[PDB]
Amino acid sequence: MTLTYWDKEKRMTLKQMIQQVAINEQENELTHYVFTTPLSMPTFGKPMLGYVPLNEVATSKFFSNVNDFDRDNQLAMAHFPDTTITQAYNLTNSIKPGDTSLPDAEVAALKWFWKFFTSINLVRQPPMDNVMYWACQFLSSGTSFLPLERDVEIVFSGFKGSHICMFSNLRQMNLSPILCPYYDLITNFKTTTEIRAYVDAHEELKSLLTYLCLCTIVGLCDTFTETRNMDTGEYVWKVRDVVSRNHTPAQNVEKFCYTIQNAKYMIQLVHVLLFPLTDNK
Amino acid sequence: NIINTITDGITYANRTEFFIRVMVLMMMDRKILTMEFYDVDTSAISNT
Amino acid sequence: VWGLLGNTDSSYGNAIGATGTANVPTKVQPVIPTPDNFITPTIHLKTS
Amino acid sequence: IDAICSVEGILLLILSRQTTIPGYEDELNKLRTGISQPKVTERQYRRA
Amino acid sequence: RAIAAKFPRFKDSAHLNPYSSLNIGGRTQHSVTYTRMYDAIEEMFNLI
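Here is the structure:
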């Protein structure tokens, strides 16, 4: 229902989340970092009006490392609180064919989120070691957010190995009418306790953002190796010591040749979607 | 003759250089498709 | 050895077109002699 | 200079078995099954 | 091969074929002598 993770063979994202292993190692990095208000830094006086999509070509254009065509302010129609959204999640300022808009709370949440995503290379985002720390923190300890006290390695086994196709069936995946109620909870001033209860309960978005933080770290790490078990079509690929040996994005053109500004996009992403779990400002 | 080979036949090297040529073609060949259209009826047509 | 390593044209190279001049290859296999042409000299030597 | 660099790259792709691209890695073991490394050397490289 | 042709030589005779082969099952391997000579040259130039 989220998306059938494709490999030439279907999936349900749940097999593909219980498919991996996150196993820890030595050298306790007693280096507990701290979160930060995610620096929305929105501004420009030149928008793109009209029907801007907000679900699928949106997420693909933004996080699939597709063409780096300057990908600019086009989301600037996230200020101006009087815009509207049409159920296909087209953000507009003029609903043409008598088509209907969403209720309010939904609109508030969605605009909040993309507003956070507006203008990157003017955003002053924090260095990446810390965001790797938070990501592994979440996907290791769970929603409790205890510091790591160790270091972690990730390993995948048996895929008809196509981590490029992992990034792809990401490119084909919708998220807005999945994470809407979550940011809705964060809009009307609930609290960490109840939203943790929420994320524990619903568990549809839990698997999703697990996968998402996972993909961003495997796309931005450089201690990565892959292998094919040459008796079957099955790749095992590992990423070792994720948080200690990584300080900048990657360019090894053997794993996922990742550009820059889309990388700062991705770190803004994980920042702004792990934000509401944690403690005060 | 892009890949010398010790044989007089139609060996694999044929397939290989064939790959090379079409690959370097597709490296080039930046084209844009443009075209006009007719306009026909739709009620007097069997297929939908 | 210096002279050899420098100005050698090996019948092997230009066979697969590895050290030919202005063309490559010739695709003809390096010949090693035939059991004829040596029975007679060998027996000639032993009888001597 | 980008043109000469791309030329050198694409040529580097079909030789030098010790390099892949992030993905397929198998149709390469379909393509380069014609070169028969390591019989390839300069004379051949320049022709390519 | 000789000793079965009633040619003359002592018992348990041998030789030192100074080089290896290339065709082991059809693979055309890396011609060990080249690796030998190459590391020789490289070491010697490091020394000079």
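Chains as they are written, first to last, in my numbering: chain P, 4 to 284; chain Y, -8 to 39; chain E, 373 to 420; chain U, 14 to 61; chain B, 46 to 93.
Where a beta carbon is used, it is the ideal one built from N, C-alpha and C, also for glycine.
Which residues, taken in chain order from the stretch 195 to 211 of chain P, show a beta carbon closer than 9 angstroms to some beta carbon of chain U? none
Please report the distance separating the alpha-carbon of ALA16 (chain U) from that of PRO84 (chain P). Working through the fourth sequence from its first residue, we reach residue 16 (chain U) at position 3. Working through the first sequence from its first residue, we reach residue 84 (chain P) at position 81. Roughly 49 angstroms between the two C-alpha positions.
Answer yes if the stretch 66 to 80 of chain P comes into contact with the stretch 31 to 41 of chain P, meaning at least three C-beta pairs across the two stretches below 8 angstroms, and no otherwise. no
I'd like to know whether the C-beta atoms of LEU151 (chain P) and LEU113 (chain P) end up nearer to each other than 8 angstroms. As a working mapping, residue 151 (chain P) is identified with position 148 in the first sequence. As a working mapping, residue 113 (chain P) is identified with position 110 in the first sequence. Taking 8 angstroms as the Cβ cut-off, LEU151 (chain P) and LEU113 (chain P) do not qualify as a contacting pair.
Leaving out five residues on either side along the sequence, give the residues of the same chain with a beta carbon under 7 angstroms from the beta carbon of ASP381 (chain E). Locating residue 381 (chain E) in the third sequence gives position 9, counting from the first residue. Counting only Cβ-Cβ distances below 7 angstroms, and skipping sequence neighbours, we find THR391.
Endpoints, the beta strand (DSSP E) within which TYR238 (chain P) is located: What you label residue 238 (chain P) is simply residue 235 of the first sequence in a count that begins at 1. From DSSP, the beta strand (DSSP E) with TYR238 (chain P) extends over 238 to 242.
Run through chain Y and tell me which residues come within less than 8 angstroms of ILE404 (chain E), C-beta to C-beta. For the purposes of this step, residue 404 (chain E) is taken as residue 32 along the third sequence, with counting starting at 1. What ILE404 (chain E) touches in chain Y: nothing, since even the nearest Cβ is about 15 angstroms away.
Could you tell me whether any Cβ in chain E is nearer than 8 angstroms to the Cβ of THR54 (chain U)? Here residue 54 (chain U) refers to the residue found at position 41 of the fourth sequence. For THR54 (chain U), the answer is yes, since a Cβ of chain E falls inside 8 angstroms of its Cβ.
Just checking: is the beta-carbon of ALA390 (chain E) within a distance shorter than 8 angstroms of some beta-carbon in chain U? Along the third sequence, one-based indexing puts residue 390 (chain E) at 18. Output row for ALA390 (chain E): interface = yes.
If contact means a Cβ-Cβ distance below 9 angstroms, which residues of the stretch 30 to 60 of chain U contact chain E? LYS52, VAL53, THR54, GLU55, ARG56, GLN57 and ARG60
Within the 8 angstroms Cβ cut-off, does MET19 (chain Y) reach chain U? Walking along the second sequence from the start, residue 19 (chain Y) turns up at place 28. By this cut-off, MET19 (chain Y) is not an interface position.
Same chain, Cβ closer than 7 angstroms to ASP225 (chain P), five either side skipped, listed in chain order: Taking the first sequence and counting its residues from 1, the one referred to as residue 225 (chain P) is at position 222. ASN249, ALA253 and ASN255.
Applying the criterion that 16 or more other CB atoms from any shown protein chain within 10 Å of the CB defines a buried residue, is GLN29 (chain P) buried or exposed? Against the first sequence, residue 29 (chain P) aligns to sequence position 26. Exposed.
Spatial neighbours of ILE(-6) (chain Y) within its chain, please: C-beta separation below 7 angstroms, excluding the five flanking residues on both sides. Indexing the second sequence from 1 puts residue -6 (chain Y) at position 3. Here the set comprises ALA4, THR7 and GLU8.
Mind listing the chain U neighbours of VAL396 (chain E)? Cutoff is C-beta to C-beta under 9 angstroms, in chain order. In the third sequence, residue 396 (chain E) corresponds to position 24, counting from 1. Result: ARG56, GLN57 and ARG60.
Using the Cβ count rule (16 or more neighbours within 10 Å means buried), how would you classify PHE55 (chain B)? To locate residue 55 (chain B), count along the fifth sequence from 1; it is residue 10. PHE55 (chain B) should be labelled exposed.
Cβ of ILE1 (chain Y) within 8 angstroms of any chain U Cβ: Position 10 of the second sequence holds residue 1 (chain Y). Not one chain U Cβ lies under 8 angstroms of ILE1 (chain Y).
Reduced DSSP category for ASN27 (chain P) - H, G, I as helix; E, B as strand; rest coil: What you label residue 27 (chain P) is simply residue 24 of the first sequence in a count that begins at 1. Reduced to three states, the DSSP call for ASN27 (chain P) is strand.
Do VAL221 (chain P) and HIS166 (chain P) have their beta-carbon atoms positioned less than 8 angstroms apart in this structure? Here residue 166 (chain P) refers to the residue found at position 163 of the first sequence. Here residue 221 (chain P) refers to the residue found at position 218 of the first sequence. Yes, they are a contact pair.
For the alpha helix (DSSP H) holding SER143 (chain P), just list the boundary residues, first then last. Indexing the first sequence from 1 puts residue 143 (chain P) at position 140. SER143 (chain P) -> alpha helix (DSSP H) spans 131 to 144.
Can you find the residues in the same chain that come closer than 7 angstroms, C-beta to C-beta, to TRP115 (chain P), ignoring five residues on each side of it along the sequence? As a working mapping, residue 115 (chain P) is identified with position 112 in the first sequence. Cβ neighbours of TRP115 (chain P) beyond the five flanking positions: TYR186 and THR190.
Hey, quick one: how far does the beta strand (DSSP E) through residue 306 (chain P) stretch, first residue to last? As displayed, chain P neither begins before 4 nor continues past 284, which places residue 306 (chain P) out of reach and without an answer.
Beta-carbon contacts of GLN264 (chain P) that lie in its chain and below 8 angstroms, excluding the five residues immediately before and after: By one-based count along the first sequence, residue 264 (chain P) stands at place 261. Closer than 8 angstroms at the Cβ level, and outside the excluded window around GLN264 (chain P), lie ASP71, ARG74, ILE123 and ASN124.
Can you have a look at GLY389 (chain E) and say buried or exposed, based on whether 16 or more other CB atoms are within 10 angstroms of its CB? In the third sequence, residue 389 (chain E) corresponds to position 17, counting from 1. Under this definition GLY389 (chain E) is a buried residue.
Pull up the DSSP beta-bridge partners for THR95 (chain P), would you. Taking the first residue of the first sequence as 1, we reach residue 95 (chain P) at position 92. Looking at the DSSP assignment, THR95 (chain P) forms a beta bridge with P:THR87.
How far does the beta strand (DSSP E) with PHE227 (chain P) in it reach, from first residue to last? Taking the first residue of the first sequence as position 1, residue 227 (chain P) is located at position 224. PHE227 (chain P) -> beta strand (DSSP E) spans 227 to 231.
Okay, do the stretch 72 to 87 of chain B and the stretch 8 to 28 of chain Y touch, 3+ Cβ pairs below 8 angstroms being the bar? no
Below 8 angstroms, how does it come out for the stretch 87 to 101 of chain P and the stretch 199 to 216 of chain P: are there three or more Cβ pairs, yes or no? no
Does the stretch 236 to 248 of chain P touch the stretch 265 to 272 of chain P, meaning 3 or more C-beta pairs lie closer than 8 angstroms? no
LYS418 (chain E) classed as buried or exposed, judged by whether at least 16 other C-beta atoms fall within 10 angstroms: Within the third sequence, the letter at position 46 stands for residue 418 (chain E). Answer is exposed; the Cβ neighbour count stays below 16.
Indicate whether the contact test is met: 3 or more Cβ pairs, each with one atom in the stretch 55 to 64 of chain B and one in the stretch 403 to 413 of chain E, closer than 8 angstroms. no
Under a three-way DSSP split, which group does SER104 (chain P) fall into? For the purposes of this step, residue 104 (chain P) is identified with residue 101 of the first sequence, where counting begins at 1. DSSP places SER104 (chain P) in strand when its eight states are reduced to three.
Less than 8 angstroms between the CB atoms is what I'm expecting for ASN76 (chain P) and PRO100 (chain P), so what's the real figure, rounded? Within the first sequence, residue 76 (chain P) is the residue found at index 73, counting from 1. Within the first sequence, residue 100 (chain P) is the residue found at index 97, counting from 1. About 27 angstroms separates the two Cβ atoms, so there is no contact after all.
Quick one: give me the first and last residue of the alpha helix (DSSP H) that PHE192 (chain P) is part of. Walking along the first sequence from the start, residue 192 (chain P) turns up at place 189. That residue, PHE192 (chain P), is in no alpha helix (DSSP H); it is neither H nor E in DSSP.
Would you please verify whether the beta carbon of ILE14 (chain U) is less than 8 angstroms from any beta carbon of chain Y? Locating residue 14 (chain U) in the fourth sequence gives position 1, where the first residue counts as 1. Chain Y, which has no Cβ nearer than 8 angstroms to the Cβ of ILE14 (chain U), makes this no.
Does any residue of chain U have a CB that is nearer than 8 angstroms to the CB of residue 285 (chain P)? Because residue 285 (chain P) is not part of the residues shown, which for chain P are 4 to 284, the question remains open.
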